[PDB]
file start-v7.csv (CSV, C-alpha atoms and all ligand atoms)
chain,number,residue,atom,x,y,z
A,701,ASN,CA,-24.8,8.9,13.7
A,702,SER,CA,-23.0,11.8,12.3
A,703,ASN,CA,-25.1,14.9,11.4
A,704,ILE,CA,-23.4,15.6,8.1
A,705,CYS,CA,-22.9,13.5,4.8
A,706,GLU,CA,-19.6,11.6,4.9
A,707,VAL,CA,-18.8,12.4,1.3
A,708,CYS,CA,-19.7,16.1,0.8
A,709,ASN,CA,-19.8,17.2,4.5
A,710,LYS,CA,-23.1,19.0,4.2
A,711,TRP,CA,-26.3,18.4,6.2
A,712,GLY,CA,-29.6,17.6,4.5
A,713,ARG,CA,-31.7,14.5,4.0
A,714,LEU,CA,-29.3,12.0,5.4
A,715,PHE,CA,-29.5,8.2,5.5
A,716,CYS,CA,-27.8,6.6,8.5
A,717,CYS,CA,-25.6,3.5,8.6
A,718,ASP,CA,-26.9,0.9,11.0
A,719,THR,CA,-23.5,-0.6,11.7
A,720,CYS,CA,-21.4,2.5,12.0
A,721,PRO,CA,-21.9,6.2,12.8
A,722,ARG,CA,-21.6,7.5,9.2
A,723,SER,CA,-24.4,9.2,7.3
A,724,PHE,CA,-25.0,9.9,3.5
A,725,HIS,CA,-27.1,11.8,1.1
A,726,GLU,CA,-28.9,9.4,-1.2
A,727,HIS,CA,-26.8,10.0,-4.3
A,728,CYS,CA,-23.5,10.7,-2.4
A,729,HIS,CA,-23.4,7.1,-1.3
A,730,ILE,CA,-22.2,4.6,-4.0
A,731,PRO,CA,-24.3,2.6,-4.8
A,732,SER,CA,-27.2,5.1,-4.2
A,733,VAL,CA,-28.7,4.4,-0.8
A,734,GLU,CA,-31.1,1.4,-1.1
A,739,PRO,CA,-31.5,-2.4,8.3
A,740,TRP,CA,-28.7,-0.9,6.2
A,741,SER,CA,-24.9,-1.1,6.1
A,742,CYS,CA,-22.8,1.6,4.3
A,743,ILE,CA,-20.1,0.8,1.8
A,744,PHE,CA,-17.4,1.4,4.4
A,745,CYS,CA,-19.0,-1.3,6.5
A,746,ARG,CA,-19.4,-3.7,3.6
A,747,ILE,CA,-15.7,-3.2,2.6
A,748,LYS,CA,-14.6,-3.9,6.2
A,749,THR,CA,-16.7,-7.1,6.2
A,750,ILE,CA,-14.8,-8.4,3.1
A,751,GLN,CA,-11.5,-7.8,4.8
A,752,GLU,CA,-12.7,-9.5,8.0
A,753,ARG,CA,-14.0,-12.6,6.2
A,754,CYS,CA,-10.8,-13.0,4.3
A,755,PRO,CA,-7.8,-11.6,6.3
A,756,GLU,CA,-5.4,-12.8,3.7
A,757,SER,CA,-7.0,-10.4,1.2
A,758,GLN,CA,-4.8,-7.7,2.8
A,759,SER,CA,-1.5,-9.3,1.8
A,760,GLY,CA,0.3,-7.5,-1.0
A,761,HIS,CA,-0.8,-7.8,-4.6
A,762,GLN,CA,0.7,-6.9,-8.0
A,763,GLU,CA,-1.2,-4.1,-9.8
A,764,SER,CA,-1.1,-6.1,-13.0
A,765,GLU,CA,-3.0,-9.0,-11.4
A,766,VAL,CA,-5.5,-6.7,-9.8
A,767,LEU,CA,-6.3,-5.0,-13.1
A,768,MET,CA,-7.1,-8.3,-14.9
A,769,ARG,CA,-9.6,-9.3,-12.3
A,770,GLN,CA,-13.1,-9.8,-13.6
A,771,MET,CA,-15.7,-7.5,-12.1
A,772,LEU,CA,-17.4,-10.0,-9.7
A,773,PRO,CA,-19.5,-8.6,-6.9
A,774,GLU,CA,-16.5,-8.0,-4.5
A,775,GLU,CA,-14.4,-6.2,-7.2
A,776,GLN,CA,-17.5,-4.2,-8.3
A,777,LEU,CA,-17.8,-3.1,-4.6
A,778,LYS,CA,-14.2,-2.2,-4.2
A,779,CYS,CA,-14.3,0.0,-7.4
A,780,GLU,CA,-17.5,1.7,-6.1
A,781,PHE,CA,-15.7,2.4,-2.8
A,782,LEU,CA,-12.6,3.8,-4.6
A,783,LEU,CA,-14.8,6.1,-6.7
A,784,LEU,CA,-16.5,7.2,-3.5
A,785,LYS,CA,-13.2,8.0,-1.9
A,786,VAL,CA,-12.4,10.4,-4.8
A,787,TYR,CA,-15.8,12.2,-4.4
A,788,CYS,CA,-14.9,12.6,-0.7
A,789,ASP,CA,-12.3,15.2,-1.7
A,790,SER,CA,-13.7,18.6,-2.4
A,791,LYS,CA,-11.4,19.1,-5.4
A,792,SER,CA,-13.4,16.3,-7.1
A,793,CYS,CA,-15.9,19.0,-8.1
A,794,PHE,CA,-13.7,19.9,-11.0
A,795,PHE,CA,-13.9,16.4,-12.4
A,796,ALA,CA,-17.5,15.4,-11.6
A,797,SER,CA,-19.5,16.7,-14.5
A,798,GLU,CA,-19.0,16.8,-18.3
A,799,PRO,CA,-16.1,19.1,-19.3
A,800,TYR,CA,-15.7,21.4,-22.3
A,801,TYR,CA,-12.5,22.6,-24.0
A,802,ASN,CA,-12.0,26.1,-25.5
A,803,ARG,CA,-8.6,27.5,-24.5
A,804,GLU,CA,-6.2,29.3,-26.8
A,805,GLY,CA,-3.3,27.1,-27.6
A,806,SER,CA,-4.8,23.8,-26.5
A,807,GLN,CA,-7.0,21.2,-28.1
A,808,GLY,CA,-9.5,19.1,-26.1
A,809,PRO,CA,-8.9,15.4,-25.4
A,810,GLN,CA,-9.9,12.7,-27.9
A,811,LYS,CA,-11.8,10.8,-25.3
A,812,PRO,CA,-13.3,13.1,-22.6
A,813,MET,CA,-14.0,11.5,-19.2
A,814,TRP,CA,-15.5,12.6,-15.9
A,815,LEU,CA,-16.5,11.1,-12.6
A,816,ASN,CA,-20.3,11.1,-13.1
A,817,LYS,CA,-19.7,9.1,-16.4
A,818,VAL,CA,-17.6,6.6,-14.5
A,819,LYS,CA,-20.4,6.4,-11.8
A,820,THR,CA,-23.0,5.7,-14.5
A,821,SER,CA,-20.8,3.1,-16.1
A,822,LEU,CA,-20.3,1.3,-12.8
A,823,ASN,CA,-24.0,1.4,-12.1
A,824,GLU,CA,-24.8,0.0,-15.5
A,825,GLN,CA,-22.2,-2.8,-15.1
A,826,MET,CA,-20.3,-1.7,-18.2
A,827,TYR,CA,-16.9,-2.7,-16.9
A,828,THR,CA,-16.0,-6.3,-17.2
A,829,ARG,CA,-12.6,-6.0,-15.5
A,830,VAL,CA,-11.1,-3.8,-12.9
A,831,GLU,CA,-8.7,-2.5,-15.7
A,832,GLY,CA,-11.7,-0.8,-17.4
A,833,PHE,CA,-12.6,1.3,-14.4
A,834,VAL,CA,-9.0,2.2,-13.5
A,835,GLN,CA,-8.2,3.2,-17.1
A,836,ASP,CA,-11.2,5.6,-17.2
A,837,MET,CA,-10.3,7.1,-13.8
A,838,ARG,CA,-6.7,7.7,-14.8
A,839,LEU,CA,-7.9,9.1,-18.1
A,840,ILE,CA,-9.7,11.9,-16.3
A,841,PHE,CA,-6.5,13.2,-14.8
A,842,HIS,CA,-4.3,12.6,-17.9
A,843,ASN,CA,-6.7,14.6,-20.1
A,844,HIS,CA,-6.6,17.4,-17.6
A,845,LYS,CA,-2.8,17.5,-17.5
A,846,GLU,CA,-2.5,17.5,-21.2
A,847,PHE,CA,-5.1,20.2,-21.8
A,848,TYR,CA,-4.0,22.8,-19.2
A,849,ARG,CA,-0.4,22.4,-20.1
A,850,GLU,CA,1.6,25.0,-18.2
A,851,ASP,CA,-1.3,26.6,-16.4
A,852,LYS,CA,-1.0,26.1,-12.7
A,853,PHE,CA,-4.5,24.7,-12.8
A,854,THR,CA,-2.8,21.5,-14.0
A,855,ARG,CA,-2.0,20.9,-10.3
A,856,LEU,CA,-5.6,20.0,-9.5
A,857,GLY,CA,-5.3,16.9,-11.7
A,858,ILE,CA,-2.1,15.9,-9.9
A,859,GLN,CA,-3.8,16.4,-6.6
A,860,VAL,CA,-7.0,14.4,-7.2
A,861,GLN,CA,-5.0,11.7,-9.0
A,862,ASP,CA,-2.8,11.3,-5.9
A,863,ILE,CA,-6.0,10.7,-3.8
A,864,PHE,CA,-7.2,8.1,-6.4
A,865,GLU,CA,-3.8,6.3,-6.5
A,866,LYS,CA,-3.3,6.2,-2.6
A,867,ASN,CA,-6.8,4.8,-2.2
A,868,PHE,CA,-6.4,2.3,-5.1
A,869,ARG,CA,-3.3,0.9,-3.4
A,870,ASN,CA,-5.1,0.7,0.0
A,871,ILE,CA,-8.4,-0.8,-1.2
A,872,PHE,CA,-6.8,-3.4,-3.5
A,873,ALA,CA,-3.9,-4.0,-1.1
A,874,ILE,CA,-1.2,-3.3,-3.6
A,875,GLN,CA,2.2,-4.5,-2.4
A,876,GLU,CA,4.2,-1.7,-0.9
A,877,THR,CA,7.3,-0.6,-2.7
A,878,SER,CA,10.0,2.1,-2.3
B,1,CL,CL,-10.4,19.3,-16.6
B,2,ZN,ZN,-23.5,14.4,0.4
B,3,ZN,ZN,-21.3,2.0,7.9

call {"tool": "encode", "arguments": {"input": "start-v7.csv", "output": "structure tokens", "more": "lines below"}}
Ligand SMILES: [Cl-]
Ligand SMILES: [Zn+2]
Ligand SMILES: [Zn+2]
result
Amino acid sequence: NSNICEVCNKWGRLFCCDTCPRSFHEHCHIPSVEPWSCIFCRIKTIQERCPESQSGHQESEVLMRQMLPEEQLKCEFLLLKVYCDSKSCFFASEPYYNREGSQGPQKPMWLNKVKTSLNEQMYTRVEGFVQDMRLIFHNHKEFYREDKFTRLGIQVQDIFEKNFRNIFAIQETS
């Protein structure tokens, strides 16, 4: 197995996958680490049991799906892919807003709040999860305005959207 956490790339108390060489801190894995197979493995098994699941889909159909166990897993994995990027640190914990010339968002949102909501089964459809994730980056863009720091929200949103299209097999388009 790897000697560093797959998500944050640090050493420490690591739990090892039994079906692949990845390792994880307890609370870096999503769900929190519970023979054991990691979320990467579990996602791969879904694809292998249903190869047609990789044919292209419409985003509108994906968003209306109820959060059954396989969609719950795919959202957990998508959330984990965002935490895998180091720039997720800016969006992980609860933000506060006191900048001259700006007003904070009406509905603040952050990654650890989405993690908790997933863990507590608060989303009934994929749309709920995706709306909250996109809201993180939209709030950031609106608040920081012309500050170059706005770019961090564009960057991490791009990671979210690329992984969304991959994990839920969104039909490729020009
Ligand atoms: Cl922010
Ligand atoms: Zn970690
Ligand atoms: Zn694994």

call {"tool": "atom_distance", "arguments": {"input": "start-v7.csv", "atom1": "CA of residue 720 (chain A)", "atom2": "CA of residue 747 (chain A)"}}
result
12.4 Å

call {"tool": "closest_residue", "arguments": {"input": "start-v7.csv", "among": "A:792, A:823, A:806, A:758", "to": "residue 777 (chain A)", "atoms": "all atoms listed in the file"}}
result
A:823

call {"tool": "residues_near_ligand", "arguments": {"input": "start-v7.csv", "ligand": "ligand ZN 3 (chain B)", "cutoff": "9 Å", "atoms": "only C-alpha atoms and all ligand atoms", "output": "ChimeraX atom specification"}}
result
/A:716-723,740-746

call {"tool": "write_last_selection", "arguments": {"input": "start-v7.csv", "atoms": "C-alpha atoms", "output": "CSV table (one decimal), in the coordinates of the input"}}
result
chain,number,residue,atom,x,y,z
A,716,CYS,CA,-27.8,6.6,8.5
A,717,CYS,CA,-25.6,3.5,8.6
A,718,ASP,CA,-26.9,0.9,11.0
A,719,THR,CA,-23.5,-0.6,11.7
A,720,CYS,CA,-21.4,2.5,12.0
A,721,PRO,CA,-21.9,6.2,12.8
A,722,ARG,CA,-21.6,7.5,9.2
A,723,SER,CA,-24.4,9.2,7.3
A,740,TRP,CA,-28.7,-0.9,6.2
A,741,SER,CA,-24.9,-1.1,6.1
A,742,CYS,CA,-22.8,1.6,4.3
A,743,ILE,CA,-20.1,0.8,1.8
A,744,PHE,CA,-17.4,1.4,4.4
A,745,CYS,CA,-19.0,-1.3,6.5
A,746,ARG,CA,-19.4,-3.7,3.6

call {"tool": "residues_near_ligand", "arguments": {"input": "start-v7.csv", "ligand": "ligand ZN 2 (chain B)", "cutoff": "7 Å", "atoms": "only C-alpha atoms and all ligand atoms", "output": "PyMOL selection string"}}
result
chain A and resi 705-710+724-725+728

call {"tool": "closest_residue", "arguments": {"input": "start-v7.csv", "among": "A:790, A:797, A:821, A:770", "to": "ligand CL 1 (chain B)", "atoms": "all atoms listed in the file"}}
result
A:797

call {"tool": "residues_near_ligand", "arguments": {"input": "start-v7.csv", "ligand": "ligand CL 1 (chain B)", "cutoff": "10 Å", "atoms": "all atoms listed in the file", "output": "list in words"}}
result
residues 794, 795, 796, 797, 798, 799, 800, 801, 808, 809, 812, 813, 814, 840, 841, 842, 843, 844, 845, 846, 847, 848, 853, 854, 856 and 857 of chain A

call {"tool": "atom_distance", "arguments": {"input": "start-v7.csv", "atom1": "CA of residue 739 (chain A)", "atom2": "CA of residue 715 (chain A)"}}
result
11.1 Å

call {"tool": "closest_residue", "arguments": {"input": "start-v7.csv", "among": "A:820, A:802, A:759, A:749", "to": "residue 876 (chain A)", "atoms": "only C-alpha atoms"}}
result
A:759

call {"tool": "atom_distance", "arguments": {"input": "start-v7.csv", "atom1": "CA of residue 786 (chain A)", "atom2": "CA of residue 825 (chain A)"}}
result
19.4 Å

call {"tool": "decode", "arguments": {"input": "start-v7.csv", "residues": "region 810-823 of chain A", "atoms": "N, CA, C and O atoms", "output": "CSV table (one decimal), in the first residue's frame"}}
result
chain,number,residue,atom,x,y,z
A,810,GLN,N,-26.4,35.1,1.0
A,810,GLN,CA,-27.6,34.8,1.7
A,810,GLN,C,-27.6,33.4,2.3
A,810,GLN,O,-28.1,33.2,3.3
A,811,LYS,N,-27.0,32.5,1.5
A,811,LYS,CA,-26.9,31.1,2.0
A,811,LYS,C,-25.5,30.6,2.0
A,811,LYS,O,-25.0,30.0,1.0
A,812,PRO,N,-24.7,30.8,3.1
A,812,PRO,CA,-23.3,30.3,3.0
A,812,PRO,C,-23.3,28.8,2.9
A,812,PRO,O,-24.3,28.1,3.3
A,813,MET,N,-22.2,28.2,2.4
A,813,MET,CA,-22.1,26.8,2.1
A,813,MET,C,-20.6,26.5,2.1
A,813,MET,O,-19.8,27.3,1.7
A,814,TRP,N,-20.3,25.3,2.6
A,814,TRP,CA,-18.9,24.8,2.6
A,814,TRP,C,-18.8,23.3,2.6
A,814,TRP,O,-19.8,22.6,2.9
A,815,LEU,N,-17.6,22.9,2.3
A,815,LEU,CA,-17.5,21.4,2.0
A,815,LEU,C,-17.8,20.5,3.3
A,815,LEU,O,-18.5,19.5,3.1
A,816,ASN,N,-17.3,20.9,4.4
A,816,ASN,CA,-17.6,20.1,5.6
A,816,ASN,C,-19.1,20.1,5.9
A,816,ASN,O,-19.6,19.1,6.5
A,817,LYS,N,-19.9,21.1,5.6
A,817,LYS,CA,-21.3,21.1,5.7
A,817,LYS,C,-22.0,20.1,4.7
A,817,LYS,O,-22.9,19.4,5.1
A,818,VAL,N,-21.5,20.1,3.5
A,818,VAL,CA,-22.0,19.1,2.6
A,818,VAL,C,-21.6,17.7,3.0
A,818,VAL,O,-22.5,16.8,2.9
A,819,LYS,N,-20.4,17.5,3.5
A,819,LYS,CA,-20.0,16.2,4.1
A,819,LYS,C,-21.0,15.7,5.2
A,819,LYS,O,-21.4,14.6,5.2
A,820,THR,N,-21.3,16.6,6.1
A,820,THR,CA,-22.2,16.3,7.2
A,820,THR,C,-23.6,15.9,6.6
A,820,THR,O,-24.3,15.0,7.0
A,821,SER,N,-24.0,16.7,5.7
A,821,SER,CA,-25.4,16.5,5.1
A,821,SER,C,-25.4,15.2,4.4
A,821,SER,O,-26.5,14.5,4.5
A,822,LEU,N,-24.4,14.8,3.7
A,822,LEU,CA,-24.4,13.5,3.1
A,822,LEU,C,-24.4,12.4,4.1
A,822,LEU,O,-25.1,11.4,4.0
A,823,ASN,N,-23.6,12.5,5.2
A,823,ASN,CA,-23.5,11.5,6.2
A,823,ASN,C,-24.8,11.4,6.9
A,823,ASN,O,-25.2,10.2,7.4
